[PDB]
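Notes follow the structure.
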Amino acid sequence: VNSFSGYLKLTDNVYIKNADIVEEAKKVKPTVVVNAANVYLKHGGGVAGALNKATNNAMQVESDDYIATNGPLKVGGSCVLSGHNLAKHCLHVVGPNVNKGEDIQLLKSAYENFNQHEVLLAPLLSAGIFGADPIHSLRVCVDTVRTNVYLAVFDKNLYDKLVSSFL
Ligand SMILES: O=C(O)C[C@H](NC(=O)c1ncnc2[nH]ccc12)c1ccncc1
C-alpha cells in the first residue's frame, strides 16, 4: 500500500493520472520522483524547470556541482540526486530529444533506469518539449518498466487520448 491516489491502473505495474508532477510530489513526498533531464542537468523548462522552481533552485545548485565533478550524463542515462522538498530522491533521466536529432531507440534505455527503483513517480519520458510521440512513450514505458511506476500526465487532452487508445 502507498499514498498515490486517483490513478488508473493500466497494467500490473503501471498507473496513470492527469496531474502536475510537482503537485503530486508535494502531496505524496514519494521515495523517488523522476525528472525529465537533459544531459547538462540544466533545468530550464518543462518538468525540470518546474521541479527546480519548486525547490527554490536548490536542485540546480546541486546539479551544477554534480556536472562540475562528473561531466554530462548520456542520453538514455540517469543519476540519483536529492529530492529536496519534493521527494527523498530525484532520479534525473535523460530521454532522447527528437528536436536534437537523438535516436528514439534511446527511449527504452531511458526507461530501463526506472527498474533500479521499486516505486517511482514519473512523467512521460521524451514527451512535451522533448518532441517525441507520447502514445509511443507510454507504450515503451509499459513494455520496459517492471517496477511500480505512477505516471503524471499534465495535459488532460493527452491523458484522455492515452487512456482511450491503450491496448
Ligand atoms: O504530460 C504531458 O502532458 C506532457 C508534457 N508534460 C510536462 O511537461 C509535465 N508533466 C508533468 N508534470 C509537469 N509539471 C510541469 C510540467 C510537467 C506537457 C505539459 C504541458 N503541455 C504540454 C505538454
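Under the entry's author numbering, the first residue of the sequence shown carries the number 3, and numbering increases by one thereafter.
For each residue, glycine too, the CB sits at the ideal point set by N, CA and C.
Item                                                                                                                     : Value
Beta carbon of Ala-39 nearer than 8 Å to that of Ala-50                                                                  : yes
Cβ-based neighbour list, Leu-12, same chain, cut-off 7 Å, excluding 5 preceding and 5 following                          : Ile-18, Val-144 and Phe-168
Bridge-paired residues (DSSP) for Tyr-152                                                                                : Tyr-17 and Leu-123
Coarse secondary structure for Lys-102, derived from DSSP in three states                                                : helix
Residues of its chain near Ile-131, where Cβ-Cβ distance is below 7 Å and the 5 sequence neighbours each way are ignored : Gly-47 and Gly-48
Residues sharing a beta bridge with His-94, DSSP                                                                         : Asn-37 and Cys-81
Environment of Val-3 [buried if 16+ CB atoms lie within 10 Å]                                                            : exposed
In DSSP terms, what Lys-11 is bridged to                                                                                 : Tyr-17
contact_flag[the region 67 to 83, the region 144 to 155] where n(CB pairs < 8 Å) is 3 or more                            : no
Close Cβ partners of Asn-72 (< 8 Å) along its chain, the five nearest in sequence each way excluded                      : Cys-81
Where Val-142 falls, given that 16 or more other Cβ within 10 Å makes a residue buried                                   : buried
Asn-58 and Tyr-161 closer than 8 Å at C-beta                                                                             : no
Closer than 7 Å: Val-100 CB and nearest ligand 1 heavy atom                                                              : no
CA-to-CA distance, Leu-127 to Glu-25, given in whole angstroms                                                           : 18 Å
Secondary structure of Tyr-42, DSSP reduced to three states                                                              : coil
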